[PDB]
Engineer: 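After the structure tokens below, expect a handful of questions from me.
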Amino acid sequence: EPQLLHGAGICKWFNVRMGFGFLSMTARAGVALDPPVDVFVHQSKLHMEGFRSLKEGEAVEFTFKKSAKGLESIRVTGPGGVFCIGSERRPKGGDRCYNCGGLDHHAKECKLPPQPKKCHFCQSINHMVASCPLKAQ
Amino acid sequence: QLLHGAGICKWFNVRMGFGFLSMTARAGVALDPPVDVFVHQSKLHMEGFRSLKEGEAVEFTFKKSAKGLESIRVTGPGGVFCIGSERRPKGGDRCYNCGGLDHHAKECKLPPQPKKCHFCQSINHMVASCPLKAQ
RNA sequence: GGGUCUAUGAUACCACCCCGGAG
RNA sequence: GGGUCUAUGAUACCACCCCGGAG
Ligand SMILES: [Zn+2]
Ligand SMILES: [Zn+2]
Ligand SMILES: [Zn+2]
Ligand SMILES: [Zn+2]
């Protein structure tokens, strides 16, 4: 019966030039999943500005559905609906707003609702950048 | 009598201050297989912070040591300064002839030097055909 | 993201530090 | 040294181009 589901997790891997990858879903409809499950992701489904991709291990929230080939992402964002980070293989020019992740402005000029602090490197809500285990690789 | 050789930097550990040279020429004779020659940062003819980049072209004097072969003085082709590792980038204008920061090519005290590959300092090719830059 | 690295000698695998309504 | 890379959908394995001139 349910066609549209909520999930959360991290990017498992993303091939930047092929424009696709997989998400490791660690929570489905707000329930922890152990073992995690793979959810397919296409670049067209990434909520972010400009060139779309994911960096390995970045924290994500998404809607998904069952497809003929498995589980397919509908819309992928960072925690709280913010923009995804993207791969370090395609660096971008501008600074990112610490509140929404947008390129336009800084957090003091942000018109968006207040967001919790997220790791500047992987967007995880559980740690800050100085203690990032992903950055420490 | 000190020995003369030529080759490339095999590898250089920037923070350990040492590496090895791959000697492909000894006393004007081609060596195949090449032989490793130890190199310490103190023996590099270059200004400021001393290191080598992997694959850069070298000319050197060396001697036999208890541990193997040891560099006495290492330079780029024709006695010019070594390049050094991209891990420690330097700032400032370089002389187009010798690579010094002190002056410009017109004021250079070294004889006129042939064109050397911008990437590895080889006298045998230019940067557009550099096999080292290829990867 | 930002900063400072002029000295680990023998086949290594690349130093240290700072930054969370902040630029 | 300089420039360009906004579209390869299902467990992949990461695109190129220009410059030998001179302070
Ligand atoms: Zn914002
Ligand atoms: Zn993190
Ligand atoms: Zn000169
Ligand atoms: Zn070359």
Side-chain angles (χ1 to χ4, degrees), chain A residues 12-24 38-46 48-53 56 67-73 86-92 94-100 105-110 112 114-121 127-132 135, chain B residues 10-22 36-44 46-51 54 65-71 84-90 92-97 103-108 114-119 125-130 133:
Chain A
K12 187 196 189 189
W13 60 259
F14 197 94
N15 191 303
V16 186
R17 302 203 178 265
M18 296 298 280
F20 80 93
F22 288 86
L23 306 177
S24 176
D38 291 358
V39 178
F40 168 88
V41 56
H42 187 257
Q43 60 79 4
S44 63
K45 309 308 190 310
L46 304 171
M48 58 197 301
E49 297 174 310
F51 181 76
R52 302 177 296 260
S53 73
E56 188 169 330
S67 71
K69 293 177 175 176
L71 301 177
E72 178 193 337
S73 293
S87 177
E88 68 296 334
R89 288 176 191 267
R90 298 278 201 107
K92 295 179 181 174
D95 279 325
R96 279 172 68 91
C97 165
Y98 295 153
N99 192 62
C100 73
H105 59 286
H106 286 344
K108 67 153 153 289
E109 306 113 60
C110 196
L112 287 205
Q115 294 296 318
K117 278 172 191 175
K118 302 162 295 285
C119 174
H120 293 311
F121 194 80
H127 63 262
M128 301 289 102
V129 72
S131 297
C132 185
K135 193 192 167 73
Chain B
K10 187 196 192 190
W11 59 260
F12 197 95
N13 190 303
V14 186
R15 301 207 176 263
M16 297 297 280
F18 79 92
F20 286 87
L21 306 178
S22 177
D36 291 355
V37 177
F38 167 88
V39 58
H40 187 256
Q41 60 79 2
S42 62
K43 310 307 192 307
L44 302 173
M46 60 197 301
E47 298 175 310
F49 181 73
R50 302 177 295 259
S51 72
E54 187 170 307
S65 71
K67 294 170 177 149
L69 301 177
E70 178 193 334
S71 292
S85 177
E86 291 161 72
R87 290 174 185 261
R88 300 282 263 274
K90 296 177 189 175
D93 287 358
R94 289 190 126 228
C95 162
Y96 299 143
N97 194 60
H103 59 288
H104 288 176
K106 330 92 90 173
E107 295 64 79
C108 194
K115 280 171 185 167
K116 297 168 292 285
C117 174
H118 291 311
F119 195 79
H125 65 262
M126 292 200 266
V127 73
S129 298
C130 186
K133 194 192 169 77

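Because only heavy atoms are used, hydrogens play no part in the values below, and waters and symmetry mates are left out as well, while side chains stay in. Per chain, numbering begins at 1; letters A, B, ... match sequence-line order.
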Engineer: Using the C1' atom in both, what is the distance from C/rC14 to C/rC5, to the nearest Å?
Structural biologist: 13 Å
Engineer: Take A/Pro91 and A/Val16, find for each the nucleotide of RNA chain D with the closest heavy atom, and name the residue whose nucleotide sits nearer the 5' end.
Structural biologist: A/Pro91
Engineer: D/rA22 phosphate, OP1 or OP2: any side-chain N/O from B/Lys106 under 4.0 angstrom?
Structural biologist: no
Engineer: Please give the distance between the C1' atoms of D/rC16 and D/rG23 as a whole number of Å.
Structural biologist: 31 Å
Engineer: Could you pull out all residues at least two apart from A/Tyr98 that satisfy side-chain contact (heavy atoms from CB on, under 4.5 Å)?
Structural biologist: A/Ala107, A/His120
Engineer: Distance-only, no hydrogens or angles: does the B/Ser85 side chain make a donor-acceptor pair with backbone N or O of B/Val14 under 3.5 Å?
Structural biologist: no
Engineer: For B/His125 and for A/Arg89, locate the closest nucleotide of RNA chain D by heavy-atom distance; then report the residue assigned to the nucleotide nearer the 5' terminus.
Structural biologist: A/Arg89
Engineer: Counting distance only, does the side-chain N/O of B/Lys90 pair as donor-acceptor with the main-chain N or O of B/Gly84 below 3.5 Å?
Structural biologist: no
Engineer: As an exercise, state the distance from NZ of B/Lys106 to CG of B/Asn97, rounded to the nearest 0.5 Å.
Structural biologist: 12.5 Å
Engineer: Round to the nearest Å and state the distance from A/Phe121 atom CZ to C/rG2 atom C1'.
Structural biologist: 16 Å
Engineer: Walk me through whether A/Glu109 and A/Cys97 qualify under side-chain contact (heavy atoms from CB on, under 4.5 Å).
Structural biologist: CA-CA 9 Å; A/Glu109 306 113 60; A/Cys97 165; over 6 Å; no
Engineer: Do A/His106 and C/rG1 share a donor-acceptor pair, side chain to base, under 3.5 Å?
Structural biologist: no
Engineer: Please check if the side chain of B/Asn13 supplies one atom and the backbone of B/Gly19 the other of a donor-acceptor pair under 3.5 Å.
Structural biologist: no
Engineer: What do you reckon, is CD of A/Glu56 surrounded by more than 12 foreign heavy atoms closer than 6.0 Å?
Structural biologist: no
Engineer: Where along nucleotides 6-13 of chain D does protein come under 4.0 Å, by heavy atom, of base (B) or sugar-phosphate alone (S), with - for untouched nucleotides?
Structural biologist: BBBBBBBS
Engineer: Suppose we screen for side chain to side chain donor-acceptor pair (under 3.5 Å). Which residues come up paired with A/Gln43, at least two apart in sequence or across chains?
Structural biologist: A/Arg52
Engineer: With rounding to whole Å, what would you report as the distance between D/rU6 and D/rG2 at their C1' atoms?
Structural biologist: 23 Å
Engineer: Send over the distance from A/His105 NE2 to C/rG21 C1', rounded to a whole Å.
Structural biologist: 12 Å
Engineer: Send over the distance from B/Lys90 NZ to C/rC5 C1', rounded to a whole Å.
Structural biologist: 13 Å
Engineer: Need the pucker for C/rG21. North if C1'-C2'-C3'-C4' is positive, south if negative.
Structural biologist: south
Engineer: Measure the distance between the ring centre of A/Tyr98 and the centre of the six-membered base ring of C/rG23, then answer whether it is under 5.5 Å with planes under 30°.
Structural biologist: yes
Engineer: Which residue pairs satisfy the salt bridge (charged side-chain N to carboxylate O under 4.0 Å, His left out) criterion with at least one member in residues 10-22 of chain B, sequence neighbours excluded?
Structural biologist: B/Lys10-B/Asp36
Engineer: Determine the interatomic distance between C1' on D/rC19 and the same-named atom on D/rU4; round to the nearest Å.
Structural biologist: 15 Å
Engineer: Under 4.0 angstrom, heavy atoms only, what part of the nucleic acid is A/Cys110 near: base, sugar-phosphate, or nothing?
Structural biologist: nothing
Engineer: Write down the distance separating the P atoms in C/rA22 and C/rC17, rounded off to the nearest Å.
Structural biologist: 26 Å
Engineer: Counting Watson-Crick and G-U wobble pairs with both distances under 3.5 Å, what is the dot-bracket string for RNA chain D, 5' to 3', using [ ] for crossing pairs and | for pairs to another strand?
Structural biologist: ((((..........)))).....
Engineer: Please indicate yes or no: is the ring centre of B/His118 less than 5.5 Å from the centre of the six-membered base ring of D/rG20, with the two planes inclined by under 30 degrees?
Structural biologist: yes
Engineer: Report the distance from atom NZ of A/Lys118 to atom P of C/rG21, rounded to the nearest whole Å.
Structural biologist: 13 Å
Engineer: Can you check the distance between C/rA15 and C/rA7, where both ends of the measurement are the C1' atom (answer in whole Å)?
Structural biologist: 12 Å
Engineer: Nearest to the side chain of A/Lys135 - C/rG1, D/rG20, C/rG20?
Structural biologist: C/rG1
Engineer: Do the ring planes of B/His40 and B/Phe38 sit parallel (below 30°), tilted (30 to 60°) or perpendicular (above 60°)?
Structural biologist: parallel
Engineer: Pick the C1' atom in D/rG21 and in D/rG1, then give their distance to the nearest Å.
Structural biologist: 12 Å
Engineer: Please classify C/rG20 as syn or anti, treating any glycosidic angle within 90° of 0 as syn.
Structural biologist: anti
Engineer: Based on the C1'-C2'-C3'-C4' dihedral, does C/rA12 have a north or a south sugar?
Structural biologist: north
Engineer: Which residues pass the salt bridge (charged side-chain N to carboxylate O under 4.0 Å, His left out) test with B/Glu86, not counting sequence neighbours?
Structural biologist: B/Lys53
Engineer: Rounding to a whole Å, what distance do you find between B/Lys115:NZ and D/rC19:P?
Structural biologist: 13 Å
Engineer: In terms of the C1'-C2'-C3'-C4' torsion, is D/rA15 a north or a south sugar?
Structural biologist: north
